[PDB]
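Read off the chains here:
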Protein chains: 2
Amino acid sequence: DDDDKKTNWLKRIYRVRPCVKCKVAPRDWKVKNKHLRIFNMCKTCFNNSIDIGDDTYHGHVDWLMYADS
Amino acid sequence: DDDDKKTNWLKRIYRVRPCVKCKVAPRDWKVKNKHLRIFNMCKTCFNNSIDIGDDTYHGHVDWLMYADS
Ligand SMILES: Nc1ncnc2c1ncn2[C@@H]1O[C@H](COP(=O)(O)OP(=O)(O)OP(=O)(O)O)[C@@H](O)[C@H]1O
Ligand SMILES: Nc1ncnc2c1ncn2[C@@H]1O[C@H](COP(=O)(O)OP(=O)(O)OP(=O)(O)O)[C@@H](O)[C@H]1O
Ligand SMILES: [Cl-]
Ligand SMILES: [Zn+2]
Ligand SMILES: [Zn+2]
């Protein structure tokens, strides 16, 4: 089933690329109607970046949650 | 840059999962406005499936080509 190919992919994408900053915690993320937005950092590193004044790692990547658009 | 994260991902997704049927040739694919549709089979196995009467591997998965939706 094609939606499952998509879901296993998103499951893998999320598991193997941790927070770009601490390199260990997994990323923050939210559901965005029909997309999964994976943020670049976990919530702790993100809050921290604001406090330290660094916006270098700010961002996200959206993923369609279904096989067909 | 976030679009590059998306592009490298799509580049990897395409490289490491070959045709579901011959398991060696890479998949057929087309650009679909703002999505990349990766088909399940290469063109040769797909044409062949029609000739043999097998629709088991027919399908695709669409991928947003950008980081933001
Ligand atoms: N955990 C995080 N890691 C990296 N960047 C983040 C994280 N959380 C938010 N950002 C980024 O901070 C910038 C401003 O964040 P913002 O919360 O506006 O994103 P958003 O998903 O649009 O939320 P909202 O819809 O509430 O504005 C955006 O680029 C967002 O990608
Ligand atoms: N190379 C392929 N491997 C697997 N399935 C395919 C392949 N090519 C087409 N199909 C599938 O065959 C079914 C009918 O194909 P079709 O060509 O209608 O797809 P399509 O991208 O909608 O093309 P069109 O817009 O011309 O109809 C669809 O499920 C499509 O996913
Ligand atoms: Cl996607
Ligand atoms: Zn972190
Ligand atoms: Zn094949």
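Quick note: structure is the one above.
These remarks concern the structure in this document.

1. Let's talk about the coordination of the zinc ion (ligand 5)
Residues and elements named next belong to chain B.
1) Next: Bound to the zinc ion (ligand 5) are the protein donor atoms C19 (SG), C22 (SG), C42 (SG) and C45 (SG), situated 2.3 to 2.7 Å from the metal.
2) Next: Each of the four donor atoms bound to the zinc ion (ligand 5) contributes to angles spanning 97 to 117°, and the resulting shape is tetrahedral.
3) Next: As a motif over one chain, the donors of the zinc ion (ligand 5) read C-x2-C-x19-C-x2-C.
4) Next: The exposure class of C22 is partly exposed, given its relative accessible area of 30%.

2. What about the site of ligand 2?
Residue and element names in this part refer to chain B.
1) Next: In the vicinity of ligand 2 there are 13 residues, among which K30, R37, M41, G59 and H60 approach most closely.
2) Next: Between ligand 2 and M41 there is a distance of 3.0 Å, counted from a nitrogen atom to a backbone nitrogen or oxygen.
3) Next: Take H60: an N or O atom from its side chain is 2.9 Å from an oxygen atom of ligand 2.
4) Next: For ligand 2, the protein covers 59% of the area, taking 590 Å² as the surface of the free molecule.
5) Next: Mapped onto the shell around ligand 2, the elements with two or more residues apiece are β1 (29–32) and β2 (35–39).
6) Next: Each residue belonging to the shell around ligand 2 can be placed in one class, and the counts come to five nonpolar, four polar and four charged.

3. Quick notes on the coordination of the zinc ion (ligand 4)
All names here are of chain A.
1) Next: Taken together, the protein donors to the zinc ion (ligand 4) comprise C19 (SG), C22 (SG), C42 (SG) and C45 (SG), at separations of 2.3 to 2.7 Å.
2) Next: Here the zinc ion (ligand 4) binds four donor atoms, and the angle range of 97 to 117° at the metal identifies the geometry as tetrahedral.
3) Next: Ordering the donors of the zinc ion (ligand 4) by residue number gives the pattern C-x2-C-x19-C-x2-C. With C19 in the loop between α1 (2–16) and β1 (29–32) and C45 in helix α2 (residues 43–52), this residue pair connects regions lying 26 residues apart in the sequence. As far as burial versus exposure is concerned, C19 and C45 are alike and both buried.

Criteria and cut-off values
Residues numbered from 1 in each chain as written, not as in the entry; some residues may be left out. Chains lettered and ligands numbered in written order. Heavy atoms only, no water. Donors = N, O, S within 2.8 Å, 3.2 Å for Na, K, Ca; no water. Tetrahedral: all angles 85-135°; square planar, octahedral: opposite > 155°, others 65-115°. Buried < 20%, exposed > 50% of the residue type's maximum accessible area, 1.4 Å probe, protein only. Near = heavy atom within 4 Å. Polar contact = N/O pair within 3.5 Å; in protein donor to acceptor, adjacent residues only side chain to side chain. Areas by Shrake-Rupley, 256 points an atom, 1.4 Å probe, with all protein chains shown as cover. Helix = DSSP H or I, 4+ residues; strand = E, 2+ residues; numbered from the N terminus. Nonpolar A, V, L, I, M, F, W, Y, C, P; charged D, E, K, R; others polar.

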